Amino acid sequence: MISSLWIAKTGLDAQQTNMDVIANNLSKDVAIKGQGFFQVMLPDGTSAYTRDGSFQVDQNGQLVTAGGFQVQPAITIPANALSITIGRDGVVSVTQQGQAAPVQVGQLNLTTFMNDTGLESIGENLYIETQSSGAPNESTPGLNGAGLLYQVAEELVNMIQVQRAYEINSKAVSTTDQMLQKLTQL
Amino acid sequence: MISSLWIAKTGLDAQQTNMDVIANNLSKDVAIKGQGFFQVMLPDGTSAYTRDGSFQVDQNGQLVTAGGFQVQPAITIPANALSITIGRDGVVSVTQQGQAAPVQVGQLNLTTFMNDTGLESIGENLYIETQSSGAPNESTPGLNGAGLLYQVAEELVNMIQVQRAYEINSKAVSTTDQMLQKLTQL
Amino acid sequence: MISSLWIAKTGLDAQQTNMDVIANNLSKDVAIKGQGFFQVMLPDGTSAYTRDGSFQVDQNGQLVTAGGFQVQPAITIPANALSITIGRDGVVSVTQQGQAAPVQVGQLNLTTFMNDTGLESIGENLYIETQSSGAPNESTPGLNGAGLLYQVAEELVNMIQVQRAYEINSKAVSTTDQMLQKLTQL
Amino acid sequence: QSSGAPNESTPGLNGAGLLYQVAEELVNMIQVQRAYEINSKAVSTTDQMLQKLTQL
């Protein structure tokens, strides 16, 4: 019985989890068509990975975001000139004030892991490597492992049903307990 | 009387069991349309069987799951290339970076038992062979014994009624005992 | 009572089934005006039957579909020439690069069964012959048994009502049980 | 692999002809889209039914 309670409980817990997961579903912008993650570093120098393509050039040049974080390895962008572009391969090229158009101002690197499941979620769809994930393997878009850069309610349904399930589960448990109490004592 | 108590007891026990059973009822995904189980091995090398189709390719190639467990016998998957497919027969074919499309990278094997009842439940719908089950017989989907890969509340009702039953049972027992006590002594 | 429960249960089960069935209701394209099924074979060589007219010519000529499956018996199509046509009788004729217009490149065969009910559903409106169905009888469109090739919510209503029915059924059962419990003990 | 290898030729020869020199879908989509709406409706009722049933 207690076990049953546990059993019900566990299921109920799942149901909530499922629903929650269900809930969790339903300026330069670069997207990765296929597999791979962009590699990113914090001010500490720790490396992190993310599919999120949104970047802004901050005060410092280095590919800095809304926060200021730059990109690796040896390639920054601290000028005005004309514009800049990110090619399909990830090469960054620009037209500039210093009267030149550089190619490969820097080229973005991409990473892949043996198991994505292993990755530890920092939040904001940023992830960190773990023992389980395996080490990151680096490459560039359009070569080897990586493709080129390109340029829900059902869950809710689930969650509702799953959520419902626990409600059922509780119901069953209660009855028994009542039964027990009724039984106690015959 | 004690016997009756036992009798009631046994029934009551069943009732709980029934209810519990009642409770127990009500990324590549492959399903088995007909009979058969997928064959799976742990890190120890022990073999287990399961209908559950959910698999993920882990860091190692071998059909590894959320845990990392691979699949038998001689067929893994440690690359990126393009994609991969599992045919109806269980053959795994892929399109790859190593400029080739392999067929039968490996073919999944299926197992059947003389009596499924005999199988010992590990949990998570995974089962192990026993003396009672008989040895696993191996085959492939779409041949011989096995069909191709394809691509509740009533219990509650029962349980409630069954649960109720014991409550009745206890009631009967109590009365007698009371009767006995009343009888004691006349 | 238990029987009644069963009775209710059975009805309830049906109600769901009915609703479900209710749910289940509401490039060359060839349609069969009257009776008959197209005959089709898998890579294994097993024969299957379907009314579905949709076919595509795959890389191999043989009437291959989105999958590649061809058609029987002796008639393929592996060329470009101009076009191709399927006559009312099922004859396939083409205009071709090999400077000829063939007639009866091949002619499609149609099959009929003593009882369609017997047919076993593979899915995707494809069926396989069974003992119950009887053997397929072959013919061509426009001859004998077969006509020439040509060139719902109510269910929902039902389902809802039927679904409702079980709800009623359960209600009745519950009352009795309550009655019993009330009765127990008077 | 599925496509097969490309076979090459020139326009006007063999396999290739010379170089020369919708809403219905919408209709479909709307109806099809509608369909799921129906589908959901059916499901909900049953669940409600179940809940109503639970417990009788």
# chains A, B, ... in the order shown; residues from 1 in each chain; ligands from 1
>>> select_by_dssp(residues="stretch 27-180 of chain C", states="strand (DSSP E)", output="number ranges by chain")
C: 28-29, 37-41, 47-50, 54-55, 84-86, 91-94, 106-107, 110-112, 120-123, 126-128, 137-139
>>> write_last_selection(atoms="N, CA and C atoms", output="CSV table (one decimal), in the first residue's frame")
chain,number,residue,atom,x,y,z
C,28,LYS,N,1.3,10.0,-60.7
C,28,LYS,CA,0.2,9.6,-61.4
C,28,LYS,C,-0.9,9.2,-60.5
C,29,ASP,N,-2.1,9.6,-60.7
C,29,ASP,CA,-3.2,9.3,-59.9
C,29,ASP,C,-4.2,8.6,-60.6
C,37,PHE,N,-9.0,-4.0,-56.2
C,37,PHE,CA,-7.9,-3.4,-55.6
C,37,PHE,C,-6.8,-3.5,-56.6
C,38,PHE,N,-5.8,-2.6,-56.5
C,38,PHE,CA,-4.6,-2.7,-57.2
C,38,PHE,C,-3.8,-3.7,-56.5
C,39,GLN,N,-2.9,-4.4,-57.2
C,39,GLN,CA,-2.0,-5.4,-56.6
C,39,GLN,C,-0.7,-4.8,-56.5
C,40,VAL,N,0.0,-5.1,-55.3
C,40,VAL,CA,1.3,-4.4,-55.1
C,40,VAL,C,2.2,-5.4,-54.4
C,41,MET,N,3.5,-5.2,-54.6
C,41,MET,CA,4.5,-6.1,-54.0
C,41,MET,C,5.5,-5.3,-53.3
C,47,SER,N,2.7,-10.1,-51.7
C,47,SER,CA,1.7,-9.3,-52.4
C,47,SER,C,0.7,-8.7,-51.4
C,48,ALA,N,0.3,-7.4,-51.8
C,48,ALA,CA,-0.6,-6.6,-51.0
C,48,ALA,C,-1.6,-6.0,-51.9
C,49,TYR,N,-2.7,-5.4,-51.3
C,49,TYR,CA,-3.7,-4.9,-52.2
C,49,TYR,C,-4.1,-3.5,-51.7
C,50,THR,N,-4.4,-2.6,-52.6
C,50,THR,CA,-4.9,-1.3,-52.2
C,50,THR,C,-5.6,-0.6,-53.3
C,54,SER,N,-2.3,6.5,-55.9
C,54,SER,CA,-1.1,7.3,-56.0
C,54,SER,C,0.1,6.5,-56.2
C,55,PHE,N,0.8,6.8,-57.4
C,55,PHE,CA,2.1,6.2,-57.7
C,55,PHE,C,3.0,7.2,-58.3
C,84,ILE,N,3.5,9.5,-70.7
C,84,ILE,CA,3.0,8.1,-70.5
C,84,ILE,C,1.6,8.2,-70.2
C,85,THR,N,0.8,7.2,-70.4
C,85,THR,CA,-0.6,7.2,-70.0
C,85,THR,C,-1.0,5.9,-69.5
C,86,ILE,N,-2.1,5.9,-68.7
C,86,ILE,CA,-2.7,4.7,-68.2
C,86,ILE,C,-4.1,4.8,-68.7
C,91,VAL,N,-4.1,-0.4,-69.3
C,91,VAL,CA,-3.0,-0.6,-70.2
C,91,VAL,C,-2.1,0.6,-70.0
C,92,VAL,N,-0.8,0.5,-70.0
C,92,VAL,CA,0.1,1.6,-69.9
C,92,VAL,C,0.7,1.8,-71.2
C,93,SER,N,0.6,3.0,-71.8
C,93,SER,CA,1.2,3.2,-73.1
C,93,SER,C,2.1,4.4,-73.0
C,94,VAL,N,3.1,4.4,-73.9
C,94,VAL,CA,3.9,5.6,-73.7
C,94,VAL,C,4.4,6.0,-75.0
C,106,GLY,N,2.7,-2.3,-70.2
C,106,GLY,CA,2.3,-3.3,-69.2
C,106,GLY,C,0.9,-2.9,-68.9
C,107,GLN,N,0.1,-3.9,-68.4
C,107,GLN,CA,-1.2,-3.6,-68.1
C,107,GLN,C,-1.4,-3.9,-66.6
C,110,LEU,N,-6.1,-6.1,-61.6
C,110,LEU,CA,-6.9,-5.8,-60.4
C,110,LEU,C,-7.3,-7.0,-59.7
C,111,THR,N,-7.6,-7.0,-58.4
C,111,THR,CA,-8.0,-8.1,-57.7
C,111,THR,C,-9.2,-7.9,-56.9
C,112,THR,N,-10.0,-9.0,-56.7
C,112,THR,CA,-11.2,-8.9,-55.9
C,112,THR,C,-11.2,-10.1,-54.9
C,120,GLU,N,-6.6,-8.3,-44.0
C,120,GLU,CA,-5.9,-7.9,-42.8
C,120,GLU,C,-5.3,-6.5,-43.2
C,121,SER,N,-5.5,-5.5,-42.3
C,121,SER,CA,-5.0,-4.2,-42.6
C,121,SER,C,-3.6,-4.1,-42.2
C,122,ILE,N,-2.7,-3.7,-43.2
C,122,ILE,CA,-1.3,-3.4,-43.0
C,122,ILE,C,-1.2,-2.0,-42.4
C,123,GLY,N,-2.1,-1.1,-42.9
C,123,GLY,CA,-2.1,0.3,-42.6
C,123,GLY,C,-1.9,1.0,-43.9
C,126,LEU,N,-3.6,-0.4,-47.0
C,126,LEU,CA,-3.0,-1.5,-47.7
C,126,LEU,C,-3.5,-2.7,-47.0
C,127,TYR,N,-3.8,-3.8,-47.8
C,127,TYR,CA,-4.4,-5.0,-47.1
C,127,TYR,C,-3.7,-6.2,-47.6
C,128,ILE,N,-3.8,-7.3,-46.8
C,128,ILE,CA,-3.2,-8.5,-47.2
C,128,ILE,C,-4.2,-9.6,-47.1
C,137,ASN,N,-8.7,-12.9,-56.7
C,137,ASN,CA,-9.0,-13.3,-58.1
C,137,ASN,C,-8.6,-12.2,-58.9
C,138,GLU,N,-7.9,-12.4,-60.0
C,138,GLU,CA,-7.3,-11.4,-60.8
C,138,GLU,C,-8.0,-11.2,-62.0
C,139,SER,N,-8.0,-9.9,-62.5
C,139,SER,CA,-8.7,-9.5,-63.7
C,139,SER,C,-8.1,-8.2,-64.2
>>> interface_residues(of="chain C", to="chain D", cutoff="10 Å", atoms="only C-alpha atoms", output="VMD selection string")
chain C and resid 15 to 16 19 to 20 22 to 23 26 58 to 60 67 to 68 79 to 82 96 to 98 153 156 to 157 159 to 160 162 to 178
>>> write_last_selection(atoms="C-alpha atoms", output="PDB file, in the first residue's frame")
ATOM      1  CA  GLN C  15     -18.487   3.294 -27.163  1.00  0.00           C
ATOM      2  CA  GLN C  16     -14.883   4.223 -27.291  1.00  0.00           C
ATOM      3  CA  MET C  19     -15.982   6.928 -31.452  1.00  0.00           C
ATOM      4  CA  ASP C  20     -12.568   5.908 -32.595  1.00  0.00           C
ATOM      5  CA  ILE C  22     -15.905   7.583 -36.009  1.00  0.00           C
ATOM      6  CA  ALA C  23     -12.643   9.392 -35.816  1.00  0.00           C
ATOM      7  CA  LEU C  26     -14.199  12.216 -41.514  1.00  0.00           C
ATOM      8  CA  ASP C  58      10.961   5.927 -59.106  1.00  0.00           C
ATOM      9  CA  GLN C  59      14.574   5.633 -60.183  1.00  0.00           C
ATOM     10  CA  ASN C  60      13.907   2.175 -61.310  1.00  0.00           C
ATOM     11  CA  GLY C  67       9.292   4.155 -51.475  1.00  0.00           C
ATOM     12  CA  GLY C  68      10.363   2.590 -54.754  1.00  0.00           C
ATOM     13  CA  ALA C  79      12.964   6.178 -69.684  1.00  0.00           C
ATOM     14  CA  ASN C  80      12.228   9.832 -70.441  1.00  0.00           C
ATOM     15  CA  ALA C  81      10.968  10.126 -74.019  1.00  0.00           C
ATOM     16  CA  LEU C  82       7.849  12.297 -73.838  1.00  0.00           C
ATOM     17  CA  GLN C  96       9.314   7.492 -75.954  1.00  0.00           C
ATOM     18  CA  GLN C  97      12.841   8.509 -76.780  1.00  0.00           C
ATOM     19  CA  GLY C  98      13.495   5.114 -78.287  1.00  0.00           C
ATOM     20  CA  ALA C 153     -19.327  14.354 -38.388  1.00  0.00           C
ATOM     21  CA  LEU C 156     -18.600  12.325 -34.464  1.00  0.00           C
ATOM     22  CA  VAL C 157     -22.137  12.750 -33.385  1.00  0.00           C
ATOM     23  CA  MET C 159     -19.106   8.890 -31.037  1.00  0.00           C
ATOM     24  CA  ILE C 160     -20.059  11.634 -28.703  1.00  0.00           C
ATOM     25  CA  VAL C 162     -21.797   6.630 -27.619  1.00  0.00           C
ATOM     26  CA  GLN C 163     -19.052   7.984 -25.457  1.00  0.00           C
ATOM     27  CA  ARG C 164     -21.703   9.587 -23.390  1.00  0.00           C
ATOM     28  CA  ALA C 165     -23.347   6.261 -23.016  1.00  0.00           C
ATOM     29  CA  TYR C 166     -20.559   4.708 -21.061  1.00  0.00           C
ATOM     30  CA  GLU C 167     -20.532   7.720 -18.826  1.00  0.00           C
ATOM     31  CA  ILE C 168     -24.100   6.885 -18.098  1.00  0.00           C
ATOM     32  CA  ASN C 169     -23.214   3.269 -17.710  1.00  0.00           C
ATOM     33  CA  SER C 170     -20.599   4.019 -15.153  1.00  0.00           C
ATOM     34  CA  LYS C 171     -23.040   6.194 -13.335  1.00  0.00           C
ATOM     35  CA  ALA C 172     -25.496   3.391 -12.995  1.00  0.00           C
ATOM     36  CA  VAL C 173     -22.878   1.027 -11.726  1.00  0.00           C
ATOM     37  CA  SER C 174     -21.574   3.431  -9.173  1.00  0.00           C
ATOM     38  CA  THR C 175     -24.979   3.994  -7.691  1.00  0.00           C
ATOM     39  CA  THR C 176     -25.563   0.353  -7.177  1.00  0.00           C
ATOM     40  CA  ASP C 177     -22.223  -0.101  -5.555  1.00  0.00           C
ATOM     41  CA  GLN C 178     -22.992   2.804  -3.350  1.00  0.00           C
TER      42      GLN C 178
END
>>> closest_residue(among="B:78, B:36, B:141, B:53", to="chain A", atoms="only C-alpha atoms")
B:78
>>> select_by_dssp(residues="stretch 1-183 of chain C", states="alpha helix (DSSP H)", output="number ranges by chain")
C: 2-23, 153-183
>>> closest_atom_pairs(of="chain A", to="chain B", cutoff="9 Å", atoms="only C-alpha atoms", output="tab-separated table")
residue	atom	partner	partner_atom	distance
A:1	CA	B:16	CA	7.7
A:4	CA	B:20	CA	6.6
A:7	CA	B:23	CA	8.7
A:8	CA	B:23	CA	7.7
A:34	CA	B:82	CA	8.6
A:35	CA	B:80	CA	8.2
A:113	CA	B:59	CA	6.7
A:114	CA	B:59	CA	3.0
A:115	CA	B:59	CA	4.4
A:116	CA	B:58	CA	7.8
A:117	CA	B:66	CA	7.0
A:118	CA	B:66	CA	8.6
A:132	CA	B:59	CA	8.3
A:133	CA	B:59	CA	7.0
A:134	CA	B:59	CA	6.8
A:144	CA	B:97	CA	6.3
A:145	CA	B:80	CA	5.1
A:146	CA	B:80	CA	7.6
A:147	CA	B:82	CA	8.6
A:165	CA	B:26	CA	8.1
A:168	CA	B:156	CA	8.7
A:169	CA	B:23	CA	7.3
A:172	CA	B:156	CA	7.2
A:175	CA	B:160	CA	7.1
A:176	CA	B:163	CA	6.3
A:179	CA	B:167	CA	5.8
A:180	CA	B:167	CA	7.1
A:181	CA	B:167	CA	8.9
A:182	CA	B:167	CA	6.6
A:183	CA	B:167	CA	5.1
A:184	CA	B:170	CA	8.3
A:185	CA	B:174	CA	7.4
A:186	CA	B:174	CA	4.2
>>> write_last_selection(atoms="N, CA and C atoms", output="mmCIF file, in the first residue's frame")
data_model
loop_
_atom_site.group_PDB
_atom_site.id
_atom_site.type_symbol
_atom_site.label_atom_id
_atom_site.label_comp_id
_atom_site.auth_asym_id
_atom_site.auth_seq_id
_atom_site.Cartn_x
_atom_site.Cartn_y
_atom_site.Cartn_z
ATOM 1 N N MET A 1 0.850 -1.208 0.000
ATOM 2 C CA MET A 1 0.000 0.000 0.000
ATOM 3 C C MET A 1 0.856 1.217 0.000
ATOM 4 N N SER A 4 2.261 1.232 -2.956
ATOM 5 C CA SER A 4 1.365 1.641 -3.994
ATOM 6 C C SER A 4 1.329 3.128 -3.976
ATOM 7 N N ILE A 7 4.101 4.272 -5.646
ATOM 8 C CA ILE A 7 3.998 4.024 -7.048
ATOM 9 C C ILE A 7 3.162 5.108 -7.619
ATOM 10 N N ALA A 8 2.027 5.388 -6.958
ATOM 11 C CA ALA A 8 1.167 6.398 -7.476
ATOM 12 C C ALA A 8 1.968 7.650 -7.462
ATOM 13 N N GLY A 34 22.239 22.176 -39.493
ATOM 14 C CA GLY A 34 22.322 20.805 -39.057
ATOM 15 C C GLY A 34 22.792 20.744 -37.636
ATOM 16 N N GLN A 35 23.682 19.773 -37.350
ATOM 17 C CA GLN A 35 24.165 19.570 -36.015
ATOM 18 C C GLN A 35 25.269 20.529 -35.708
ATOM 19 N N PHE A 113 29.149 16.816 -29.850
ATOM 20 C CA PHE A 113 29.428 15.970 -28.717
ATOM 21 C C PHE A 113 28.931 14.590 -29.014
ATOM 22 N N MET A 114 29.534 13.577 -28.356
ATOM 23 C CA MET A 114 29.117 12.222 -28.549
ATOM 24 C C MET A 114 27.702 12.116 -28.071
ATOM 25 N N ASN A 115 27.397 12.651 -26.867
ATOM 26 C CA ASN A 115 26.013 12.631 -26.487
ATOM 27 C C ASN A 115 25.604 13.990 -26.013
ATOM 28 N N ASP A 116 24.585 14.548 -26.676
ATOM 29 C CA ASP A 116 24.065 15.834 -26.327
ATOM 30 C C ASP A 116 23.368 15.718 -25.009
ATOM 31 N N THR A 117 22.854 14.515 -24.696
ATOM 32 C CA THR A 117 22.067 14.277 -23.518
ATOM 33 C C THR A 117 22.869 14.606 -22.299
ATOM 34 N N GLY A 118 24.174 14.313 -22.339
ATOM 35 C CA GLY A 118 25.092 14.494 -21.251
ATOM 36 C C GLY A 118 25.279 15.945 -20.892
ATOM 37 N N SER A 132 29.803 12.933 -19.099
ATOM 38 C CA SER A 132 28.834 12.165 -19.825
ATOM 39 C C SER A 132 28.763 12.601 -21.257
ATOM 40 N N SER A 133 28.881 13.917 -21.518
ATOM 41 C CA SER A 133 28.766 14.447 -22.852
ATOM 42 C C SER A 133 29.923 14.006 -23.680
ATOM 43 N N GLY A 134 31.122 13.994 -23.067
ATOM 44 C CA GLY A 134 32.311 13.729 -23.815
ATOM 45 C C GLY A 134 32.877 15.079 -24.130
ATOM 46 N N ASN A 144 33.416 18.292 -42.936
ATOM 47 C CA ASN A 144 33.319 17.112 -42.127
ATOM 48 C C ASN A 144 31.950 16.984 -41.540
ATOM 49 N N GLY A 145 31.921 16.922 -40.196
ATOM 50 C CA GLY A 145 30.776 16.675 -39.375
ATOM 51 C C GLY A 145 29.716 17.730 -39.516
ATOM 52 N N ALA A 146 30.084 18.988 -39.825
ATOM 53 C CA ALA A 146 29.072 20.006 -39.743
ATOM 54 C C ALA A 146 28.597 20.503 -41.068
ATOM 55 N N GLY A 147 27.277 20.770 -41.142
ATOM 56 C CA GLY A 147 26.674 21.316 -42.320
ATOM 57 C C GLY A 147 26.950 22.785 -42.312
ATOM 58 N N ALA A 165 -3.689 12.078 -14.702
ATOM 59 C CA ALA A 165 -3.460 10.724 -14.311
ATOM 60 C C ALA A 165 -3.233 10.687 -12.839
ATOM 61 N N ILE A 168 -6.144 10.714 -10.834
ATOM 62 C CA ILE A 168 -6.734 9.416 -10.745
ATOM 63 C C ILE A 168 -5.985 8.646 -9.715
ATOM 64 N N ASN A 169 -4.645 8.728 -9.759
ATOM 65 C CA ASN A 169 -3.841 7.875 -8.939
ATOM 66 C C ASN A 169 -4.202 8.146 -7.522
ATOM 67 N N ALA A 172 -7.317 6.532 -6.393
ATOM 68 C CA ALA A 172 -7.290 5.132 -6.105
ATOM 69 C C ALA A 172 -6.763 4.959 -4.719
ATOM 70 N N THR A 175 -9.131 5.639 -1.837
ATOM 71 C CA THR A 175 -10.200 4.709 -1.620
ATOM 72 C C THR A 175 -9.686 3.618 -0.761
ATOM 73 N N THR A 176 -8.485 3.121 -1.089
ATOM 74 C CA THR A 176 -7.981 1.987 -0.386
ATOM 75 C C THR A 176 -7.870 2.372 1.044
ATOM 76 N N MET A 179 -10.759 2.273 2.618
ATOM 77 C CA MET A 179 -11.185 0.919 2.761
ATOM 78 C C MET A 179 -10.541 0.400 3.994
ATOM 79 N N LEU A 180 -9.258 0.737 4.175
ATOM 80 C CA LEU A 180 -8.509 0.228 5.275
ATOM 81 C C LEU A 180 -9.182 0.704 6.508
ATOM 82 N N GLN A 181 -9.513 2.002 6.532
ATOM 83 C CA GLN A 181 -10.060 2.587 7.712
ATOM 84 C C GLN A 181 -11.372 1.939 7.972
ATOM 85 N N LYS A 182 -12.149 1.701 6.906
ATOM 86 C CA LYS A 182 -13.421 1.076 7.076
ATOM 87 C C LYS A 182 -13.141 -0.246 7.687
ATOM 88 N N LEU A 183 -12.096 -0.906 7.170
ATOM 89 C CA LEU A 183 -11.778 -2.216 7.624
ATOM 90 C C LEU A 183 -11.466 -2.093 9.072
ATOM 91 N N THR A 184 -10.797 -0.994 9.455
ATOM 92 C CA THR A 184 -10.306 -0.902 10.792
ATOM 93 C C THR A 184 -11.389 -0.329 11.641
ATOM 94 N N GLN A 185 -11.923 -1.149 12.559
ATOM 95 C CA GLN A 185 -11.579 -2.533 12.569
ATOM 96 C C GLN A 185 -12.862 -3.270 12.407
ATOM 97 N N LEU A 186 -12.806 -4.452 11.772
ATOM 98 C CA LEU A 186 -14.015 -5.164 11.500
ATOM 99 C C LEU A 186 -14.141 -6.251 12.559
#
>>> atom_distance(atom1="atom CA of residue C:109", atom2="atom CA of residue B:142")
25.7 Å
